[PDB]
């Protein structure tokens, strides 16, 4: 008859097509891409005929066959597609095959095919919306927000986004190549660590720990290959497969290397390293280029050339060609996007190049914000307004001026995605102002910020600065709110649900492409809610315990027990710096004796 039923032996059941080293600090030592995972299974049949053939099956489909040589066996075989499989062993002879009970294996891959959907409840004021607008609704998630800002991927209101942008993927290079990074403590050094033994002008990951290694919800375990932001983004992709997740190369302090890419040798190296990046990290859907800025006047006062416009056009063409080739190899569609200045000097000269490059690009992210801020204590104004204010109708830097200038140069309007701000910029000691318009005065310094000087999370504006000592006024001509504390001259300019709605309605009239925002962590929900609504979407007992007092600033290992606000808490995973209750990493386990 058919052989007896074999029993799979206890063994490892977690495997990876792309491996990640968890202690690695350099990108070259961090990830190894394989064609398949090497899977192994052992089994026994302690009594009976062991048959002449052994088979391994994954979800019933045969993965391996070999001779059955006794009451014990091992098989090694390759799995080239990620997922969770039900593995069985079958012993066979001429009378048939007898299969084992299923043992489940996990084969990891950077598309997330091994992960359950990260489908998280909406937090704070976020409301559910149905993506029928047809427009872009995008936001930026910062790699480093998982620390002080305490904002991880599981907190993203992903269902209300069409695009999620990941800031920022860096370009390798030391002195002369990333000098701007030196203005941030430890940031330049962190990039050198990451690029050890890696060619300059290749992309890397700025913070491998935050991106891949730090335990986060749903990706907590030492032998979970992808943790941190990449792992969660992969799970998120499982939950929202139409969400476009783009890596964003550049930004304010990581833009310097673009200025060297007039050299095609360097540019080809960069473009290739990007193709490799998207091949290593399959959950990404394309690339966003945030060169601040072609021609100069970014962070670095020594960088900028008129050659840069041409260089920008070439970079976008070559990237498009790369993604086209990559689409051939993988069958997938890829998006190429860029964020461009909404208004500086000679932006009209740059916009002509945008007109040439627009057919390489799916969307243009118009950075219609940072028009004013603590970087100018003498000329105050609305940092992200739609129009000019009554008191200065000739204000150069407004959303509408940026959009008109682009259109004037022949940029198709459907490409144009208008920027909204989830932060305010602000000043202190505003004085010498007429008509109770604080913007007509001058300032003595930056407003005290949430994390850095002169910049305030919208959540803190709404939470703390809209009342009491503060006056909340909406400029219906500019379409721009501000709050003002006359006792101290504190003045903050920002976006709110009303001004966001003005932008969204404007987008609908002018047939522009949608809205995007910076940065998702700083919203309380009102901004993203208004972004969706205005673009057309519509609505949808514990045991007494004892434990040391939680100490802010302490980094806790898994299983720590702290007392905090009358309860005893427990970290569900490691590397926790947040206060208990502020995220899903703490578990309420006890009461403190009152």
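Counting neighbours? That spans all protein chains shown, and the Cβs are built from the backbone with ideal geometry, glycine included. Where a number appears in this text, it was derived from the coordinates with a stated rule and is not lab data.
Inside segment 273-310, residues that are more than 17 Å from residue 234 (Cβ to Cβ) and in contact with a helix residue (DSSP H, G or I) (Cβ under 9 Å, 6 or more places away or on another chain) make up a count of 21.
Taking every residue in segment 427-442 that is farther than 19 Å from residue 375 by Cβ and pairing it with any residue that is surrounded by fewer than 16 Cβ atoms within 10 Å (Cβ to Cβ), at least 6 positions away or on another chain, the pairs with Cβ-Cβ distances below 6 Å are 437/391.
Just so you know, in segment 153-182 the residues that are closer than 12 Å to residue 123 by Cα and in a loop (DSSP other than H, G, I, E, B) include one that is nearest to the chain's Cα centre (by Cα), and it is 156. Residues in segment 469-490 that are within 19 Å of residue 397 (Cα to Cα) and in contact with a strand residue (DSSP E or B) (Cβ under 8 Å, 6 or more places away or on another chain): 474, 475, 480, 481, 482. Among the conditions (1) buried (at least 24 other Cβ atoms within 10 Å of the Cβ); (2) within 23 Å of residue 524 (Cα to Cα), residue 169 misses just one, which is (2). When the residues of segment 111-122 are filtered to those that are out of contact with any helix residue (DSSP H, G or I) (no Cβ under 6 Å at 6 or more places or on another chain) and surrounded by fewer than 24 Cβ atoms within 10 Å (Cβ to Cβ), which remaining residue is farthest from residue 527 (Cα to Cα)? Only one residue tops the list, namely 113.
Of the residues making up segment 390-411, those that are in contact with a helix residue (DSSP H, G or I) (Cβ under 7 Å, 6 or more places away or on another chain) and buried (at least 16 other Cβ atoms within 10 Å of the Cβ) are 399, 405, 406, 407, 409, 411. Suppose the filter is under 27 Å from the mean Cα position of the chain (by Cα), assigned to a helix (DSSP H, G or I) and surrounded by fewer than 21 Cβ atoms within 10 Å (Cβ to Cβ); does residue 355 pass it? No, not satisfied.
Which members of segment 544-589 meet the condition of being over 20 Å from residue 146 (Cβ atoms), surrounded by fewer than 18 Cβ atoms within 10 Å (Cβ to Cβ) and in contact with a strand residue (DSSP E or B) (Cβ under 6 Å, 6 or more places away or on another chain)? 544, 545, 547, 549, 561, 588, 589 - these are the residues of segment 544-589 that are over 20 Å from residue 146 (Cβ atoms), surrounded by fewer than 18 Cβ atoms within 10 Å (Cβ to Cβ) and in contact with a strand residue (DSSP E or B) (Cβ under 6 Å, 6 or more places away or on another chain). If you go through segment 12-27 and keep only what is surrounded by 15 or more Cβ atoms within 10 Å (Cβ to Cβ), out of contact with any helix residue (DSSP H, G or I) (no Cβ under 9 Å at 6 or more places or on another chain) and not in a strand (DSSP E or B), you end up with 13, 17.
Across segment 249-308, the qualifying residues are those that are part of a strand (DSSP E or B) and on the phi < 0 side of the Ramachandran plot, and the one among them that is surrounded by the most Cβ atoms within 10 Å (Cβ to Cβ) is 288. Listed conditions (1) under 20 Å from residue 291 (Cα atoms); (2) buried (at least 21 other Cβ atoms within 10 Å of the Cβ) are all met by residue 244, apart from (1).
A quick yes/no check of all residues on (1) touching a strand residue (DSSP E or B) at 6+ places or on another chain (Cβ under 9 Å); (2) under 30 Å from residue 457 (Cα atoms); (3) outside any strand (DSSP E or B):
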{"site": "69", "(1), (2), (3)": "yes, no, yes"}
{"site": "78", "(1), (2), (3)": "yes, no, no"}
{"site": "101", "(1), (2), (3)": "yes, no, yes"}
{"site": "115", "(1), (2), (3)": "yes, no, yes"}
{"site": "119", "(1), (2), (3)": "no, yes, yes"}
{"site": "123", "(1), (2), (3)": "no, yes, yes"}
